[PDB]
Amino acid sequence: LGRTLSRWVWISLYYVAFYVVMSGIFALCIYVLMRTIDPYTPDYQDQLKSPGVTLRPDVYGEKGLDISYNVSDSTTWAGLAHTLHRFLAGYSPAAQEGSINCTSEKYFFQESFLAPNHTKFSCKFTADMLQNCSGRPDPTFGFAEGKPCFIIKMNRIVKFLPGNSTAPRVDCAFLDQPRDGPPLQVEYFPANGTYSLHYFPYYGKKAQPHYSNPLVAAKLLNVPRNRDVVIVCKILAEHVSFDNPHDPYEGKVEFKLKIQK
């Protein structure tokens, strides 16, 4: 309404030219941007000096992981079991066909890319390796009993290496209650709680499109009924930190567990 009808269009078009020019410059910058970076490795990975360990079944009440249920009442653990089942639906032999049977038992380093359309080789991790926590024989994963199976998993970081001495092994325990009760006791699968070192390192979602993190399964045999307990699973390994106070999931998982009867 203000300026002239004949030039409203003229600098309307000027702004158009301004945005298209600038837009263009952005376009070219992001083209160069993507041409700069390696497709198989991260340039810097700065927040990943140590990996975070996640856990299944992940149920957060508030303030973090809070897993409560009542063994006599299928409906409080059915969905827990189900999130285990559909999590391991990609750890089945049928699904996990495109990977090799790792027996290296030490860091598996691939310098040359040998696999269809220039990918590289991943190890196997099939469900049955978690054994008593695989979904067979028990499809409740030890919940119905009162010794539930939690599936601990380490986050993947390209070319990261966790140690030489032994395999990186997980360790779950109470947050000490030493006078008023025994200490926690767990059976892990595969045994000793170890992710075999042939599962490291990761070479990237392009180098290994069909890759899968190693698991361990903690089966809690000790835990008392109708009492809140807090449980921590740390990863014991040299090249891993488990007490970064600004990230409570770096190397460790905590959760509150209550098993009611």
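Note that residue numbering follows the sequence shown and begins at 1. The term rigid core refers to the most C-alpha atoms you can superpose between the two forms while keeping them within 1.5 Å.
- Larger average C-alpha displacement in 4 other deposited structures of this protein, relative to the shown form after a rigid core fit, is seen for 6 to 14 when comparing 6 to 14 with 235 to 243.
- Of the two stretches examined, 112 to 120 and 175 to 183, the one with higher mean CA deviation in 4 other deposited structures of this protein after a rigid core fit is 175 to 183.
- Higher mean CA temperature factor, per the PDB entry, when comparing 66 to 74 with 228 to 236: 228 to 236.
- The stretch with the higher mean CA B factor, choosing between 138 to 146 and 185 to 193, is 185 to 193.
- Highest CA B-factor among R156, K120, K153, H85, as stated in the entry: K120.
- In the deposited entry, the Cα temperature factor of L114 sits in the top third of values across the chain's modelled residues.
- Annotation for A173: CA B-factor lies in the middle third of the chain's modelled residues.
- For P57, the recorded CA B-factor ranks within the lowest third of the chain. Only modelled residues enter the ranking.
- Sort the modelled residues of the chain by CA B factor and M34 lands in the highest third.
- When the CA B factors of the chain's modelled residues are split into thirds, the value for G163 lands in the highest one.
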